[PDB]
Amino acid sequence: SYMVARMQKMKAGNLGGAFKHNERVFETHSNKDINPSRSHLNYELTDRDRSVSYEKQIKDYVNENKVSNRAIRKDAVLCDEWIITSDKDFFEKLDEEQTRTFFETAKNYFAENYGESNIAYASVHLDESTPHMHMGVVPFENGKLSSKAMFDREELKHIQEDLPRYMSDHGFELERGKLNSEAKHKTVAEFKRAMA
């Protein structure tokens, strides 16, 4: 089984949908693969207030801590949302407790390397095809918000090697992705079209 770890940049205009979907606020889902009978099985790993939006939480955190007087730019990357997962076979092997420990462990990796107070949310979904986590990492450091500074080319190449290794050291049997892999990312909807 491969360790699946990948980030998507979230601007203020993305976080509204990310909040509503991650929290499962609508009863109907366009995703035919969400099982609403299973949604009460999901859980959140941070101690965040569920009544507070991601955009509000993150903006408040950055404004209250940033060293500059200048406003957060309208196009700022407020957080990097990491999907943490593996394949179906990997999770088939694990009980509820081990599965939670798996996501808590991925989360510790990012807390330890990028700052505990930067893990804005850690939403574990068990109501879709495969257990996975949406974890929002605020790229905030030395009083500055900059995804550019935190997750550059060398950093993403480091995580692909070091994250699977850290999971392995903590008891999880999965390997890193292919080094220099030539895969092109497809969206969930695109990937589904690919399969049949």
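Numbering starts at 1 and runs along the sequence shown. Here, rigid core means the biggest group of C-alpha atoms that superpose within 1.5 Å across both forms.
- Of the two stretches examined, 169 to 177 and 184 to 192, the one with higher mean CA deviation in 5 other deposited structures of this protein after a rigid core fit is 184 to 192.
- Per the compared records, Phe140 is resolved in all of the other entries whose models span it, so no third of them omit it.
- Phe26, though modelled here, lacks coordinates in at least a third of the other entries of this protein that were compared and that model residues flanking it.
- For the pair 41 to 49 and 147 to 155, the mean B factor over Cα atoms is greater in 41 to 49.
- With 27 to 35 and 57 to 65 compared on mean CA B-factor from the PDB entry, the stretch scoring higher is 27 to 35.
- Comparing C-alpha B-factors across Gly136, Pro139, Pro164, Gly171 in the deposited entry, the largest value falls on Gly171.
- In the deposited entry, the Cα temperature factor of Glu81 places it in the lowest third of its chain's modelled residues.
- When the CA B factors of the chain's modelled residues are split into thirds, the value for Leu179 lands in the highest one.
- In the deposited entry, the Cα temperature factor of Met3 sits in the middle third of values across the chain's modelled residues.
- The PDB entry assigns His185 a C-alpha temperature factor belonging to the middle third of its chain's modelled residues.
- Among the modelled residues of its chain, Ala71 has a C-alpha B-factor that falls in the highest third according to the deposited record.
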